[PDB]
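Trainee: pasting an experimental structure, sequence included:
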Amino acid sequence: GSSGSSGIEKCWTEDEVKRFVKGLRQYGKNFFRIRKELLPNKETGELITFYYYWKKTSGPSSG
């Protein structure tokens, strides 16, 4: 009945990532402003989530 699909999706570009890092390294903890100067068109949510995921609260584990 209810079927779905999946293909080429989009989440973050190379430019966005580059700027994000540059801002987090240059400024630091202030996405509120960093984003306003970097990606003012995007949403703070994307940055917050991205940072949390990029930080990986879990970290490296045994192997």
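Mentor: Everything's here; your move. Numbering: from 1, shown residues only.
Trainee: so how far is residue 62 from residue 48?
Mentor: 30 Å (Cβ to Cβ, to the nearest Å). Yep, even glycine has a C-beta here, placed from its N, CA and C like the rest.
Trainee: which residues does the most centrally placed residue in the chain contact?
Mentor: Residue closest to the average C-alpha location in the chain (Cα atoms, centre = their mean): residue 50, at 2.8 Å. Shown in contact with residue 50 (Cβ atoms under 8 Å, 6 or more residues apart in numbering): 12, 20.
Trainee: now the strands for the chain?
Mentor: With strands called from DSSP state E, the chain shows none.
Trainee: the helices in it, which residues?
Mentor: Secondary structure of the chain by DSSP state H: the helices cover 14-26, 31-37, 44-55.
Trainee: now do the contacts for the closest residue to residue 23 other than its chain neighbours.
Mentor: Excluding its sequence neighbours, the residue lying closest to residue 23 (Cβ to Cβ, 6 or more residues apart in numbering) is residue 34, at 3.9 Å. By Cβ under 8 Å, 6+ apart, the residues touching residue 34 are 23, 24, 27, 47.
Trainee: buried only: go through these for me.
Mentor: The neighbour-count criterion (16 or more other Cβ atoms under 10 Å) marks 23, 24, 47 among the contacts of residue 34 as buried.
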